[PDB]
Amino acid sequence: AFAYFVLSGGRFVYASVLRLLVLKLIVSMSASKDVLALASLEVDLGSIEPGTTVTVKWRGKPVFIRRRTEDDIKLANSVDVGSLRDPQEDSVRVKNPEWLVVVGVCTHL
Amino acid sequence: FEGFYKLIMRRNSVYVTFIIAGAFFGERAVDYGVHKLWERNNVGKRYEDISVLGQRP
Amino acid sequence: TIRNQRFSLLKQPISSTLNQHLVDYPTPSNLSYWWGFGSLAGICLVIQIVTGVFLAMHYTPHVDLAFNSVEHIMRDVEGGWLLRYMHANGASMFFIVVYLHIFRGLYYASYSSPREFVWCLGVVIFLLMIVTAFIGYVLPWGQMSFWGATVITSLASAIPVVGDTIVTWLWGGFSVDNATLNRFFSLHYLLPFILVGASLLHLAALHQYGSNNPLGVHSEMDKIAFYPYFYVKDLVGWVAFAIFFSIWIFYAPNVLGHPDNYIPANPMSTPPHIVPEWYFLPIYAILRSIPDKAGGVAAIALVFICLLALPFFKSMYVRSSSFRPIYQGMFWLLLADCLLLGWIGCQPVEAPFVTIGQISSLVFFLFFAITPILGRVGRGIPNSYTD
Amino acid sequence: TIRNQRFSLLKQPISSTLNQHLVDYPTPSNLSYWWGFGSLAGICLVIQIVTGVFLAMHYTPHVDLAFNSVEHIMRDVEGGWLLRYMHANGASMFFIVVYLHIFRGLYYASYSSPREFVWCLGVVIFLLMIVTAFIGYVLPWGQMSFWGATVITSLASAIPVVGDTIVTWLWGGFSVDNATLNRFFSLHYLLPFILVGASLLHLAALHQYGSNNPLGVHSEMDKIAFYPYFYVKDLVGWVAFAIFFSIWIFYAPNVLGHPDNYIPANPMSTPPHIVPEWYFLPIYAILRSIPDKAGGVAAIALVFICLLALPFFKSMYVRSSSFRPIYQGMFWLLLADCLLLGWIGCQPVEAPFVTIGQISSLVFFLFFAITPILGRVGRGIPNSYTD
Amino acid sequence: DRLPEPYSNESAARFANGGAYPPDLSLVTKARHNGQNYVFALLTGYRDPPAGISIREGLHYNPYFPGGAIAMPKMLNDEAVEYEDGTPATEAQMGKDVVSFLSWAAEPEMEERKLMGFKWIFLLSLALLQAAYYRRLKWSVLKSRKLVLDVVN
Amino acid sequence: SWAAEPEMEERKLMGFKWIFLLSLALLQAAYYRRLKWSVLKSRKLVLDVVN
Amino acid sequence: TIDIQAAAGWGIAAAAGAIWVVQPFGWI
Amino acid sequence: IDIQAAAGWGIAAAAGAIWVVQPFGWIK
Amino acid sequence: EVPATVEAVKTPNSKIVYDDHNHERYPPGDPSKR
Amino acid sequence: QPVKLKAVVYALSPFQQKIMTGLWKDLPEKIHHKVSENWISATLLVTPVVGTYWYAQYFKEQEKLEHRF
Amino acid sequence: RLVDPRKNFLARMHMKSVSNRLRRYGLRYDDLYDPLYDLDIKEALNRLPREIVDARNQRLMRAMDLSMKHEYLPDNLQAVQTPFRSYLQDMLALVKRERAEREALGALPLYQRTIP
Ligand SMILES: COC1=C(OC)C(=O)C(C/C=C(\C)CC/C=C(/C)CC/C=C(\C)CC/C=C(\C)CC/C=C(\C)CC/C=C(\C)CCC=C(C)C)=C(C)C1=O
Ligand code: HEM
Ligand code: HEM
Ligand code: HEM
Ligand code: HEM
Ligand code: HEM
Ligand SMILES: COC1=C(OC)C(=O)C(C/C=C(\C)CC/C=C(/C)CC/C=C(\C)CC/C=C(\C)CCC=C(C)C)=C(C)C1=O
Ligand SMILES: COC1=C(OC)C(=O)C(C/C=C(\C)CC/C=C(/C)CC/C=C(\C)CC/C=C(\C)CCC=C(C)C)=C(C)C1=O
Ligand SMILES: COC1=C(OC)C(=O)C(C/C=C(\C)CC/C=C(\C)CC/C=C(\C)CC/C=C(/C)CCC=C(C)C)=C(C)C1=O
Ligand code: FES
């Protein structure tokens with residue numbers, strides 16, 4: 001019974017060392033300090049014609065812009081929210097009646 | 001082929017030198033022949049066949 | 001005998017292990033040329049390692065220099081185009097040879113007892129090959145490389161709670177950038193050596209019981225030494241493979257590829273057509289067949305679950321398709337279905353390819369669900385077919 | 001016995017080779033703590049591989065980025081300083097345990113028959129360790145990286161006919177530049193996996209006869225199993241090495257190196273004190289003592305010829321220095337000479353260090369000249385010292 | 001020295017060309033499907049759009065371009081160049097010559113590659129005949145052997 | 001000094017903690033080795049030979 | 001008295017091989 | 001002995017997951 | 001009856017016929033093709 | 001475990017046999033065998049590939065003609 | 001019963017196809033059962049008389065020689081073949097019945113497969 005106690009004491013350290021060396025390896029692959037440094041900024045924009053889009057730039061991500069026409073908004077405002085897999089109205093997504101700004105990366109992959 | 005066997009195949013050391021010589025000379029013979037077919041199939045299309053070669057102002 | 005003196009050097013302890021596993025190992029005398037693809041895959045692995053080591057002496061794993069270092073290999077170093085084309089088309093030859101190898105074991109039921117562990121080690125090797133070839137294809141840093149690396153790291157996001165933290169840990173940042181490229185280069189150097197160890201264990205499992213044969217029967221009554229009989233038979237295949245490889249290398253070094261990877265990677269614009277290398281297309285087709293993120297990733301894992309569970313189905317006692325007419329017919333339908341899946345993955349996602357992709361994916365999984373039924377039903381064949 | 005049923009799982013074919021070669025292997029019961037540095041060397045090799053793989057995920061092998069990428073590991077990579085210090089100092093730890101490993105073998109005549117192949121495989125391993133360590137030291141591309149590489153890659157010029165041709169092919173040009181650093185990185189990734197394979201051959205060759213013991217006698221009558229007796233004996237050494245390693249990592253991470261490698265490489269200026277790592281100093285002092293370029297390279301080779309030729313000299317039949325008092329004192333003089341050569345190597349070329357190096361190189365080679373004659377004299381000891 | 005760049009960076013190129021980037025032409029025949037024929041057909045394929053198709057000002061119609069609207073203007077007008085040898089520099093002649101130049105630029109190793117391929121495929125074919133004979137010579141003692149056994153059925 | 005070695009403080013805190021823990025592991029390892037070897041080290045061996 | 005002939009015949013094989021792998025016709 | 005051991009190892013695995021991954025803050 | 005293998009061991013046969021589906025022999029007594 | 005076999009095997013030396021002429025011996029019967037045994041297998045491999053490919057071209061052609069004004 | 005050829009014509013063609021394939025090599029259907037596939041098989045084979053196993057081993061050697069040579073049994077030998085004449089199934093059923101009896105009573109197995 002005594003020897004189990006003494007052995008368990010050093011097993012605490014052995015598991016602790018194993019944890020540290022594995023977690024150091026794993027975390028060294030996490031985002032570096034300079035990578036995390038470039039993670040916030042904002043830019044300004046101009047304008048475009050009715051019915052076309054111009055991709056713009058950010059961290060590594062493009063942002064879409066699409067000023068919509070009148071029949072365009074009629075089309076975008078006749079969709080059943082229930083039938084959508086992600087129920088959301090167009091007015092919620094837009095801060096302007098026609099100017100549609102959105103992050104242009106597919107939510108799949 | 002037995003007369004050939006008596007000079008070259010009797011000792012492996014000679015037969016090895018025979019394979020090295022044939023690798024050398026066989027490779028050179030194919031090199032020349034493939035190049036001759038390429039020259040004959042591409043008449044006039046070479047860099048030495050540029051008419052105004054050397055005359056750029 | 002008492003070994004007082006020294007006989008053949010092959011039986012000395014300096015060479016006894018090499019002699020008994022490569023020179024004198026008993027082999028079934030009726031092996032056909034379909035048994036020569038294991039050595040062909042071993043040669044392809046060596047060709048990949050040797051050329052890649054020498055290519056790594058000229059490649060720079062940096063997003064600002066990676067594309068140009070590959071162009072500098074093709075333009076400046078002597079014989080650099082050959083090292084590059086032997087490595088880029090060698091990965092294709094590695095996958096053609098291994099695919100023929102896999103379907104040989106499927107046709108003759110080489111996965112059945114006692115060789116279950118041999119198949120299981122092979123499935124692991126296939127996984128190691130896929131990862132190794134994928135991360136290597138990212139290294140040139142072209143349009144296909146960038147957008148290919150983007151989606152496959154994004155595959156981890158299918159897990160709900162910790163999916164996003166795995167994707168970002170894989171990238172080393174919030175996007176595919178130099179951190180992704182530099183770590184992909186390091187893993188691409190290490191993984192082929194793990195492939196070498198895995199194939200050695202794969203071979204050792206095979207030598208526990210010996211190779212299967214086209215008749216699928218017990219073969220101990222007719223066995224011959226591997227050398228010279230199957231060495232010279234493999235040597236026929238090695239030269240045939242060299243002619244096949246050389247045609248691709250010298251006369252069509254770019255047909256098994258997409259021109260989009262000759263455009264430097266542009267993170268702002270996706271190409272209109274984005275596809276993996278051809279050896280990944282059947283997996284691609286099964287992935288897109290599911291209109292769900294988690295469903296698609298789960299189907300990809302279930303592909304390797306079904307391969308791993310195949311040797312453990314309770315089956316009939318007959319191995320070879322040459323005596324299994326129903327299983328023989330299903331094998332050729334699976335082969336056609338696998339060719340169809342690869343072609344579907346090469347197509348844009350629209351009608352009618354979605355319906356065809358979904359049916360092709362279903363039929364592929366039907367092969368593994370029906371096979372245990374076949375052996376279970378065919379267990380009663382001897383009691384029903386009487387003399 | 002008839003193995004109808006399954007006994008202990010360790011004896012099943014899945015684990016019989018590990019059971020026989022690692023767990024149950026008979027070991028002389030009187031092995032001292034000097035017999036635990038073989039496993040330490042294997043652990044040092046594993047640490048170098050593991051830390052090197054994760055360091056290569058952040059290092060750039062370009063002359064315009066190499067120095068700054070190592071600085072980016074030390075600063076930006078989370079945990080980067082520890083990976084770099086465990087690797088930079090791990091290389092020093094590798095050579096300490098291997099030097100003690102080598103000198104253990106010299107004291108107990110472990111190279112003698114029947115283990116000449118074991119000693120010869122070790123010498124080859126030592127050559128691979130030197131090459132791996134040297135080309136790794138060039139990767140940071142500091143001042144000593146650049147000027148250390150300029151010398152060693154010039155060792156080929158001592159060859160008269162093709163010496164200049166080998167130097168420029170080694171360089172990839174006309175000077176040490178990016179082509180040299182890029183090729184050193186690729187070889188630095190590949191050589192440790194060859195080093196693993198050679199150590200596996202080394203361990204296999206030793207197990208053909210078993211280890212020698214401090215008494216140098218036949219030990220079949222008092223052998224015990226490696227597990228768990230020499231597992232817990234080795235574990236004590238592993239924990240002590242971890243303490244020794246930690247003191248270097250956490251409190252003296254830069255005292256084993258030179259500050260000059262923290263200056264980016266300058267092909268114009270030259271450091272007034274250009275030296276290798278401390279574990280190459282004894283070889284470097286032997287090279288410096290000969291006042292001839294060709295003679296110096298010949299002497300370096302003669303070091304490895306003398307080491308390779310040690311096991312094959314006709315000798316006396318007694319192994320241990322515990323019963324060879326003249327060879328015992330002869331051994332303690334070699335160790336003082338080897339320590340002297342390392343210290344002389346760090347000293348610059350001027351009096352009196354030039355003469356001391358010449359005598360010390362003489363004393364080193366005298367060991368391998370006087371060792372064979374001592375066996376020829378000592379074979380008559382039993383006749384002379386009678387009862 | 002490398003061939004000189006027309007612009008200082010990609011943003012300067014886009015500013016000079018209506019926001020479109022003229023791509024680098026070092027690998028363009030390898031960077032497009034059917035690339036040599038594509039480049040020739042595109043350069044010589046400027047014409048009027050089909051009925052009911054209008055093109056935004058600043059763009060030109062070219063059916064070979066995906067989408068049909070290219071920011072490149074027609075650049076291969078007749079006699080746009082004057083040759084040193086005396087070849088009539090028509091649109092089709094310059095289109096042929098510039099693709100020969102671009103194809104060589106994408107693959108400057110082609111001639112050495114093709115001479116190597118013919119040489120070795122011929123040699124490896126010879127080794128395959130010897131490989132077959134060697135295999136058949138070794139196996140003949142097995143394939144022609146007569147085996148006698150007791151069993152019948 | 002800080003600009004050259006910004007990780008000194010984190011590195012030093014790790015050294016003190018882990019050398020203290022590793023020293024304790026050395027004590028357990030010494031006890032484990034000696035406990036396992038005690039059956040061998042204390043054994044009494046009786047043979048017939050004398051000289 | 002053949003070992004001297006086998007040595008001479010294997011030296012010729014070694015010399016032919018060396019002239020074959022490295023082909024120093026421009027240097028002779 | 002079969003369910004008790006299964007629950008015991010399931011506890012050991014869960015404690016180990018909490019020990020390696022330490023999400024003290026994910027208890028929300 | 002006597003098994004076929006026993007008959008062969010008891011009766012040496014100088015008129016041996018070989019399997020000729022894959023290889024056709026040279027006439028007996030021909031010089032070796034080495 | 002070794003097998004226990006009883007058999008008589010006669011073999012002829014490789015240098016007493018023709019090596020290559022057996023490749024083109026009874027060539028027509030070889031082709032006859034290959035097509036006879038394997039025509040069902042070749043149909044189960046070729047029909048789905050060609051049939052599915054032909055339908056896809058048939059689908060794309062009609063769909064391209066419905067969208068044409 | 002669907003698997004019985006006397007009733008199902010598809011089972012008739014299945015038997016005919018398998019019988020023709022076995023006949024070409026001189027093999028019986030029981031010869032396709034390998035001792036390495038299953039320990040119940042090699043226990044059944046050891047229980048069979050020496051003459052049964054010798055004939056099976058000879059039929060296997062004859063078939064392997066044919067398979068190696070890319071040739072079939074001569075037609076005058078194929079006519080005397082008995083592809084479905086059984087020698088193994090009855091013993092194999094008995095061996096499996098005895099294994100189930102041991103399991104139902106908690107006894108240890110008489111033979112076990114090695115873990116590969
Ligand atoms: C002041 O000045 C000095 C220093 O500066 C500060 C020093 O630091 C040192 C110490 C240095 C050493 C002890 C190391 C020197 C020893 C060796 C062996 C050098 C290590 C070796 C090399 C650097 C050479 C590297 C080798 C190659 C590039 C070989 C390349 C070939 C390869 C990879 C394969 C060859 C290819 C084929 C055969 C073709 C087919 C191959 C296939 C794989 C199929 C000294 C003495 C010194 O005075
Ligand atoms: C780098 C990849 C591989 C290598 C180098 C390799 C090597 C080999 C070799 C040398 C053999 C024995 C000779 C032969 O049958 O050709 C063999 C047999 C086998 N392999 Fe692999 N193999 C690889 C991949 C795979 C994969 C991916 C699988 C299955 C998913 C697999 C399954 C098998 C099986 C079942 C056998 C036994 C075949 C039989 O006895 O009929 N192998 N392999
Ligand atoms: C340790 C051995 C290997 C090393 C050092 C290595 C190294 C490299 C390097 C440096 C590149 C980039 C140069 C280039 O694009 O051609 C590369 C590309 C590549 N490697 Fe490897 N490689 C190794 C083994 C393999 C293996 C085993 C595979 C196959 C499974 C493989 C598949 C690829 C592929 C597909 C590419 C991309 C080819 C292209 O599109 O250009 N490599 N490898
Ligand atoms: C990475 C380098 C090395 C590794 C991993 C290694 C590993 C080992 C191991 C595990 C043993 C058995 C256990 C032991 O006695 O410690 C051993 C024994 C031995 N090693 Fe090494 N070794 C290395 C380098 C060397 C070198 C450089 C030499 C000689 C130049 C050498 C010579 C020997 C000898 C002679 C023995 C047998 C010792 C005896 O039986 O008393 N080893 N080695
Ligand atoms: C495959 C395994 C290995 C890889 C991938 C690898 C990779 C690297 C990398 C990337 C560096 C540069 C980062 C740095 O400056 O610390 C490096 C440096 C170094 N490596 Fe390795 N290495 C490996 C194994 C080894 C081994 C076995 C040794 C010992 C013989 C060794 C000795 C060194 C040394 C001495 C340095 C220079 C340390 C410094 O001054 O910073 N490496 N290695
Ligand atoms: C004979 C002379 C030229 C040749 C052979 C040439 C070649 C090419 C090629 C191969 C493309 C690629 C089209 C694609 O991506 O499919 C392209 C695009 C382009 N070129 Fe040029 N080019 C020439 C002259 C010019 C000139 C003189 C200008 C400007 C004045 C120009 C501006 C552009 C632009 C803006 C594009 C991109 C258009 C778009 O993507 O919408 N090019 N050219
Ligand atoms: C358009 O879309 C698509 C692509 O694009 C063109 C593709 O190419 C592919 C091709 C990819 C396939 C078939 C699957 C690849 C599979 C795996 C498992 C790769 C994932 C592994 C990666 C990224 C590296 C592994 C990293 C590790 C282990 C981290 C290392 C850490 C430690 C050692 C601690 C598919 C499916 C695709 O749909
Ligand atoms: C009685 O004899 C024995 C000794 O002598 C007295 C020993 O000292 C040891 C202990 C020391 C060992 C095993 C040394 C380590 C072995 C080698 C060959 C040295 C270098 C090894 C490396 C780098 C291992 C890398 C290989 C891998 C990872 C293979 C892949 C396997 C797995 C991932 C599980 C053992 C087990 C032994 O029995
Ligand atoms: C009856 O037996 C045999 C077979 O039937 C099962 C075979 O199929 C083959 C042919 C095929 C083989 C050996 C495939 C093995 C290939 C592997 C493991 C991958 C590539 C091989 C490498 C890298 C060599 C690894 C081995 C060693 C010792 C490392 C050192 C070698 C080098 C540095 C070149 C052989 C020779 C054989 O005998
Ligand atoms: S990423 Fe756009 S759908 Fe898969």
# chains A, B, ... in the order shown; residues from 1 in each chain; ligands from 1

$ residues_around --residues "range 66-70 of chain A" --least-positions-apart "6" --cutoff "12 Å" --atoms "only C-alpha atoms" --output "ChimeraX atom specification"
/A:46-56,76-77,90,94-104

$ write_last_selection --atoms "N, CA, C and O atoms" --output "compact mmCIF listing (two decimals), in the first residue's frame"
# COMPACT_ATOMS: atom_id res chain seq x y z
N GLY A 46 -16.94 53.56 -52.85
CA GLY A 46 -17.45 54.56 -53.77
C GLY A 46 -18.87 54.28 -54.22
O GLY A 46 -19.81 54.33 -53.42
N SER A 47 -19.04 53.97 -55.51
CA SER A 47 -20.35 53.71 -56.08
C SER A 47 -20.20 52.91 -57.37
O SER A 47 -19.10 52.75 -57.89
N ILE A 48 -21.33 52.41 -57.87
CA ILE A 48 -21.35 51.65 -59.11
C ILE A 48 -22.68 51.83 -59.85
O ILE A 48 -23.59 52.51 -59.36
N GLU A 49 -22.78 51.23 -61.04
CA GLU A 49 -23.98 51.34 -61.88
C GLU A 49 -25.11 50.47 -61.32
O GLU A 49 -24.88 49.57 -60.52
N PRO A 50 -26.37 50.73 -61.75
CA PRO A 50 -27.48 49.86 -61.32
C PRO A 50 -27.47 48.49 -61.96
O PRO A 50 -27.75 48.35 -63.15
N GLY A 51 -27.15 47.46 -61.17
CA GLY A 51 -27.33 46.10 -61.64
C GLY A 51 -26.05 45.31 -61.76
O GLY A 51 -26.06 44.18 -62.27
N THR A 52 -24.94 45.88 -61.31
CA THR A 52 -23.64 45.21 -61.36
C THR A 52 -22.99 45.26 -59.98
O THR A 52 -23.43 45.96 -59.07
N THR A 53 -21.92 44.47 -59.84
CA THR A 53 -21.26 44.26 -58.57
C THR A 53 -19.75 44.41 -58.75
O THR A 53 -19.19 44.10 -59.81
N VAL A 54 -19.10 44.92 -57.70
CA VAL A 54 -17.65 45.09 -57.66
C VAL A 54 -17.11 44.49 -56.36
O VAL A 54 -17.39 45.01 -55.27
N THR A 55 -16.33 43.42 -56.49
CA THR A 55 -15.68 42.82 -55.34
C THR A 55 -14.67 43.77 -54.73
O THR A 55 -13.92 44.45 -55.44
N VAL A 56 -14.65 43.82 -53.40
CA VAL A 56 -13.68 44.61 -52.66
C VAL A 56 -12.93 43.67 -51.72
O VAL A 56 -13.18 42.47 -51.69
N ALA A 76 -36.70 40.18 -54.56
CA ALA A 76 -36.12 39.79 -53.28
C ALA A 76 -37.10 39.91 -52.12
O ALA A 76 -36.76 39.49 -51.01
N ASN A 77 -38.29 40.46 -52.34
CA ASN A 77 -39.27 40.64 -51.28
C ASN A 77 -40.53 39.80 -51.50
O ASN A 77 -41.60 40.12 -50.98
N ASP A 90 -35.25 40.22 -46.31
CA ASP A 90 -34.25 41.04 -46.98
C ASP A 90 -34.03 42.36 -46.24
O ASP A 90 -32.91 42.89 -46.23
N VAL A 94 -30.36 44.33 -44.92
CA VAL A 94 -29.97 45.57 -45.58
C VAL A 94 -30.14 46.75 -44.63
O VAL A 94 -31.14 46.86 -43.91
N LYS A 95 -29.13 47.63 -44.60
CA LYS A 95 -29.22 48.92 -43.95
C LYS A 95 -29.66 50.03 -44.91
O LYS A 95 -29.88 51.16 -44.46
N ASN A 96 -29.78 49.73 -46.20
CA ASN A 96 -30.32 50.62 -47.22
C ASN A 96 -31.35 49.87 -48.04
O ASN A 96 -31.26 48.65 -48.19
N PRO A 97 -32.35 50.57 -48.58
CA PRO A 97 -33.36 49.88 -49.40
C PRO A 97 -32.79 49.11 -50.58
O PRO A 97 -33.29 48.02 -50.88
N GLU A 98 -31.76 49.64 -51.24
CA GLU A 98 -31.22 49.01 -52.44
C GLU A 98 -29.77 48.55 -52.31
O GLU A 98 -29.38 47.61 -53.01
N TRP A 99 -28.97 49.19 -51.47
CA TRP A 99 -27.54 48.89 -51.37
C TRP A 99 -27.35 47.64 -50.52
O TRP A 99 -27.56 47.67 -49.31
N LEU A 100 -26.94 46.55 -51.17
CA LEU A 100 -26.74 45.25 -50.53
C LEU A 100 -25.25 44.99 -50.36
O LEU A 100 -24.53 44.79 -51.34
N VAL A 101 -24.79 45.00 -49.11
CA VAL A 101 -23.40 44.75 -48.74
C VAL A 101 -23.36 43.43 -47.98
O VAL A 101 -24.18 43.21 -47.07
N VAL A 102 -22.43 42.56 -48.35
CA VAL A 102 -22.39 41.22 -47.77
C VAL A 102 -20.99 40.64 -47.94
O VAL A 102 -20.29 40.93 -48.91
N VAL A 103 -20.57 39.83 -46.97
CA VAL A 103 -19.27 39.16 -47.05
C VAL A 103 -19.36 38.05 -48.09
O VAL A 103 -20.19 37.14 -47.97
N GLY A 104 -18.51 38.12 -49.11
CA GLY A 104 -18.65 37.27 -50.27
C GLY A 104 -17.92 35.94 -50.23
O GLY A 104 -17.20 35.60 -51.17

$ residues_around --residues "residue 17 in chain I" --least-positions-apart "4" --cutoff "10 Å" --atoms "only C-alpha atoms" --output "PDB file with N, CA, C and O atoms, in the first residue's frame"
ATOM      1  N   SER E 144       6.243 -26.004 -69.134  1.00  0.00           N
ATOM      2  CA  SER E 144       6.209 -27.201 -69.961  1.00  0.00           C
ATOM      3  C   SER E 144       6.371 -28.482 -69.154  1.00  0.00           C
ATOM      4  O   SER E 144       6.476 -29.560 -69.743  1.00  0.00           O
ATOM      5  N   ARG E 145       6.392 -28.392 -67.828  1.00  0.00           N
ATOM      6  CA  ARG E 145       6.585 -29.574 -67.003  1.00  0.00           C
ATOM      7  C   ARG E 145       5.388 -30.516 -67.113  1.00  0.00           C
ATOM      8  O   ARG E 145       4.253 -30.095 -67.352  1.00  0.00           O
ATOM      9  N   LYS E 146       5.657 -31.811 -66.962  1.00  0.00           N
ATOM     10  CA  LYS E 146       4.617 -32.830 -66.933  1.00  0.00           C
ATOM     11  C   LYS E 146       4.424 -33.290 -65.496  1.00  0.00           C
ATOM     12  O   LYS E 146       5.356 -33.806 -64.874  1.00  0.00           O
TER      13      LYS E 146
ATOM     14  N   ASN I  13      10.764 -44.129 -68.305  1.00  0.00           N
ATOM     15  CA  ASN I  13      10.237 -43.942 -69.650  1.00  0.00           C
ATOM     16  C   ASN I  13      11.151 -43.002 -70.419  1.00  0.00           C
ATOM     17  O   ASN I  13      11.273 -41.824 -70.068  1.00  0.00           O
ATOM     18  N   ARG I  25       9.311 -27.867 -77.651  1.00  0.00           N
ATOM     19  CA  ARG I  25      10.697 -28.261 -77.483  1.00  0.00           C
ATOM     20  C   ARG I  25      11.418 -28.302 -78.826  1.00  0.00           C
ATOM     21  O   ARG I  25      10.815 -28.479 -79.888  1.00  0.00           O
TER      22      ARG I  25
ATOM     23  N   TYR J  10       8.174 -34.340 -64.474  1.00  0.00           N
ATOM     24  CA  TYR J  10       9.219 -34.320 -65.488  1.00  0.00           C
ATOM     25  C   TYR J  10       9.388 -32.901 -66.003  1.00  0.00           C
ATOM     26  O   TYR J  10       8.401 -32.239 -66.336  1.00  0.00           O
ATOM     27  N   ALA J  11      10.631 -32.445 -66.094  1.00  0.00           N
ATOM     28  CA  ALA J  11      10.897 -31.101 -66.574  1.00  0.00           C
ATOM     29  C   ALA J  11      12.005 -31.137 -67.613  1.00  0.00           C
ATOM     30  O   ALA J  11      12.918 -31.963 -67.546  1.00  0.00           O
ATOM     31  N   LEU J  12      11.904 -30.231 -68.579  1.00  0.00           N
ATOM     32  CA  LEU J  12      12.884 -30.065 -69.639  1.00  0.00           C
ATOM     33  C   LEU J  12      13.631 -28.756 -69.422  1.00  0.00           C
ATOM     34  O   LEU J  12      13.064 -27.791 -68.901  1.00  0.00           O
TER      35      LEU J  12
END

$ residues_near_ligand --ligand "ligand 2" --cutoff "6 Å" --atoms "only C-alpha atoms and all ligand atoms" --output "PyMOL selection string"
chain C and resi 35-39+41-42+98+102+105+110-111+118-119+122-123+125-126+199+203+211-213

$ interface_residues --of "chain I" --to "chain B" --cutoff "12 Å" --atoms "only C-alpha atoms" --output "number ranges by chain"
I: 31-34

$ write_last_selection --atoms "C-alpha atoms" --output "tab-separated table (two decimals), in the first residue's frame"
chain	number	residue	atom	x	y	z
I	31	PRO	CA	22.64	-28.35	-79.12
I	32	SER	CA	21.76	-26.25	-76.11
I	33	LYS	CA	20.47	-22.75	-76.85
I	34	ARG	CA	22.59	-21.15	-74.10

$ residues_near_ligand --ligand "ligand 10" --cutoff "9 Å" --atoms "only C-alpha atoms and all ligand atoms" --output "ChimeraX atom specification"
/A:105-109 /C:150-151,154,288,293

$ residues_around --residues "range 18-21 of chain F" --least-positions-apart "5" --cutoff "10 Å" --atoms "only C-alpha atoms" --output "VMD selection string"
(chain A and resid 10 12 to 14 16 to 17) or (chain D and resid 242 to 247 250) or (chain F and resid 13 26)

$ interface_residues --of "chain K" --to "chain I" --cutoff "10 Å" --atoms "only C-alpha atoms" --output "list in words"
residues 69, 70 and 71 of chain K

$ atom_distance --atom1 "CA of residue 66 in chain K" --atom2 "CA of residue 231 in chain C"
21.3 Å

$ closest_residue --among "D:49, D:14, D:9, D:217" --to "chain K" --atoms "only C-alpha atoms"
D:14

$ interface_residues --of "chain A" --to "chain C" --cutoff "7 Å" --atoms "only C-alpha atoms" --output "PyMOL selection string"
chain A and resi 29-31+35+60+62+108-109

$ atom_distance --atom1 "CA of residue 29 in chain K" --atom2 "CA of residue 148 in chain E"
22.2 Å

$ select_by_dssp --residues "chain J" --states "strand (DSSP E or B)" --output "list in words"
residues 8, 9, 10 and 17 of chain J

$ residues_near_ligand --ligand "ligand 1" --cutoff "7 Å" --atoms "only C-alpha atoms and all ligand atoms" --output "MDAnalysis selection string"
(chainID C and resid 50) or (chainID D and resid 127 130:131 134:135 144 147:149 151:153 170 187 274:277 280:281 283:284 287)

$ residues_near_ligand --ligand "ligand 6" --cutoff "10 Å" --atoms "only C-alpha atoms and all ligand atoms" --output "count of residues only"
54

$ residues_near_ligand --ligand "ligand 9" --cutoff "9 Å" --atoms "only C-alpha atoms and all ligand atoms" --output "VMD selection string"
(chain C and resid 18 to 27 35 to 46 49 193 195 to 204 206 to 207 210 to 211 225 to 227 230 to 231 234) or (chain D and resid 194 197)
